[PDB]
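# Fold and contact review
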Amino acid sequence: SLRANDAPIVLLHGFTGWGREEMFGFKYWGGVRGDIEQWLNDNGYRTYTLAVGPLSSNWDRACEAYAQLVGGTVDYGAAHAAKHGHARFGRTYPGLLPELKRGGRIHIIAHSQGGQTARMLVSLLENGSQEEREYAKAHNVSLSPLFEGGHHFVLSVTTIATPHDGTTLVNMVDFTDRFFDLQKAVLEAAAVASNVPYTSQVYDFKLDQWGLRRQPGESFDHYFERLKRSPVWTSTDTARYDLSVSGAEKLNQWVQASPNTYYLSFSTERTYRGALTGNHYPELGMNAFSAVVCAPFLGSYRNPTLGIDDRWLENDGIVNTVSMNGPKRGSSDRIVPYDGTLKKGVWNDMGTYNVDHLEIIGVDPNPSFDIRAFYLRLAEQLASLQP
Ligand SMILES: [Ca+2]
Ligand SMILES: [Cl-]
Ligand code: NA
Ligand SMILES: [Zn+2]
């Protein structure tokens, strides 16, 4: 399909994720398969990568993404900061694409919770925050342009394995310990140990607002024990909260689709249905961590109070497949099956792929998944979108 726009692509990770210089160069986008950003750039599709707080709230991450894109000091909003008890200002970025302030636009390709963050960035650009606007007026403090509303620079948002309606994983017994074991498993995939006090940061959680950071002589094991008991794990202003079924619905109540943006969703599944009661089990090849620690629960957990039934059992090892095609719980967004023509202001359900949560970004191997072809095909589709 002929190119219709020249907007660059911007990659955005989920509740794990790090910059290109982090993890000694092992890429979140590509993992053991390679470097996805490089493949796209080498094929004529200008691509950049964002790195935001993996455990931080989608709100915090959207503010971080904004500053990283246009340049400047991250501003979480005076009202938000005061309400949750963290710094109003975060780190300062040079800006990957300052041209966005003069008419330039982008295509955001997001994985996992990155999909929620991308949606929220669009919502904030379009409508800003009334609470922040009122607070700035009443307290005589500055206001970030992000909260003014009336802005637009995202041509499309593509989500891959995103928990738009949350994931029941959060309801597991011992979630807390298993979630950080997942972080350790991803570190191991990148050939990084969790019992070594590395002097270089290696994996920066970017918790400047909370005043948290791995200390000199501190291992990831020790650091994660502290994070478990910190506000980034115990507050409502967290990825943890937004990841839950309840929290995702809350997010859906205000984060809606913009009529000026194309939305694409890719779903993932890596399970088979059993013959006993219809529960779902991990297929051969699923990354070891998910197969042993998460999939069994995801494919068997039901919760009447939450409306979690049979349709929620199929999963990709981390997120329930039904949650991925687009926001539905507490959402007025429209979702339509891809019909050959991508449409604006609605979710274009691109289908379900037989790849697990980590395989889809290359962090876990899967020879049968042509990952390079998948992303190049996507880049071409995005480039074909009419502005
Ligand atoms: Ca695999
Ligand atoms: Cl600290
Ligand atoms: Na994830
Ligand atoms: Zn916050």
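## A look at the environment of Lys328
Position of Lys328 relative to the elements: it lies in the loop between α11 (288-298) and β10 (335-337). Placed 188 residues apart in sequence, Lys328 and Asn140 show a C-alpha to C-alpha distance of 38 Å. Residues within four places of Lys328 in sequence aside, it is in contact with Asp165, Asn252, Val322, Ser323 and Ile335. Polar contacts involving the side chain of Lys328 include one to the main-chain carbonyl oxygen of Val322, which spans 2.8 Å. Side-chain polar atoms of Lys328 contact the backbone oxygen of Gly326, separated by 2.9 Å.

## Quick notes on helix α6 (residues 175-189)
Taking 1.5 Å of rise per residue, the 15 residues of α6 would be expected to cover 21 Å, and the 20 Å separating its terminal C-alpha atoms lies within 8% of that figure. Tucked into the core, α6 has its buried residues touching α7 (220-228), α8 (231-234), α9 (239-243) and α11.

## Some details on the coordination of the zinc ion (ligand 4)
Of the protein atoms, only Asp60 (OD), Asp60 (OD), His80 (NE2), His86 (NE2) and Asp237 (OD) coordinate the zinc ion (ligand 4), at distances of 2.0 to 2.6 Å. Read in sequence order, the donor residues coordinating the zinc ion (ligand 4) give the pattern D-x19-H-x5-H-x150-D. Of this pair, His86 sits in the loop between α3 (78-84) and β4 (89-93) while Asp237 sits in the loop between α8 and α9, placing them 151 residues apart in sequence. Overall, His86 belongs to the buried group, its relative accessible area being 7%. Residue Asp237 is classed as buried on the basis of its relative accessible area, which comes to 3%.

## A word on the sheet that holds strand β6 (residues 154-160)
The strand order across the open sheet built from seven strands is β2-β1-β5-β6-β7-β11-β10, with neighbouring strands paired in parallel fashion. Of all strands in the sheet, those bounded by a partner on one side alone are β2 (47-50) and β10. For this sheet, the mean angle separating the axes of adjacent strands, direction not counted, is 25 degrees. Direction of pairing for strand β1 (residues 9-12) relative to strand β5 (residues 106-111): parallel, over a ladder of four bridges. Residue pairing in the sheet places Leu11 in a bridge with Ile109 of β5. Strand contacts of helix α2 (residues 58-70): β1, β2 and β5, with the helix running at about 140 degrees to β2, the strand carrying the most contacts. In this fold helix α4 (residues 114-127) packs onto β1, β5, β6, β7 (262-268) and β11 (347-353), with an angle of close to 145 degrees to the strand it touches most, β5.

## Thoughts on the coordination of the sodium ion (ligand 3)
A four-donor tetrahedral metal ideally has 109.5 degree angles, and a six-donor octahedral metal ideally has angles of 90 or 180 degrees. Distances from the sodium ion (ligand 3) to its protein donors, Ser112 (OG) and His357 (NE2), fall at 2.7 to 2.8 Å. Here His357 lies in the loop between β11 and α12 (371-384) and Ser112 lies in the loop between β5 and α4, a separation of 245 residues in the sequence. The pair formed by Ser112 and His357 is uniform in burial state, with each residue classed as buried.

## Some remarks on the side chain of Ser156
For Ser156, the location among the structural elements is in strand β6. In this structure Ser156 comes out as buried when scored by relative accessible area, which is 0%. Here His107 takes part through its side chain, which lies 2.7 Å from a polar atom of the side chain of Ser156. Not counting residues up to four positions away in its chain, the partners in contact with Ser156 are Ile106, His107, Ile108, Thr261, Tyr262, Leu382 and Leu385.

## Details of the nonpolar core
Counting residues in each nonpolar core, the largest one holds 73 residues, and the members touching the most others are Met23, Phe205, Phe220, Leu227 and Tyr375. The greatest single-element share of this core, amounting to seven residues, is contributed by α12. Discounting residues that sit within four places of it in the chain, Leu227 has contacts with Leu55, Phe180, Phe205, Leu207, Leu212, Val232 and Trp233. The next biggest cluster of nonpolar side chains, apart from the first, holds 37 residues, and it includes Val10, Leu12, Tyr93 and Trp347.

How each quantity is defined
- Residues numbered from 1 in each chain as written, not as in the entry; some residues may be left out.
- Chains lettered and ligands numbered in written order.
- Heavy atoms only, no water.
- Helix = DSSP H or I, 4+ residues; strand = E, 2+ residues; numbered from the N terminus.
- Contact = heavy atoms within 4.5 Å.
- Polar contact = N/O pair within 3.5 Å; in protein donor to acceptor, adjacent residues only side chain to side chain.
- Expected span 1.5 Å × (residues − 1).
- Donors = N, O, S within 2.8 Å, 3.2 Å for Na, K, Ca; no water.
- Buried < 20%, exposed > 50% of the residue type's maximum accessible area, 1.4 Å probe, protein only.
- Pairing = 2+ DSSP bridges.
- Axes fitted to C-alpha atoms, helices over the stretch in contact; angles between N-to-C directions.
- Core = buried A, V, L, I, M, F, W, Y, C linked by side-chain atoms within 4.5 Å.

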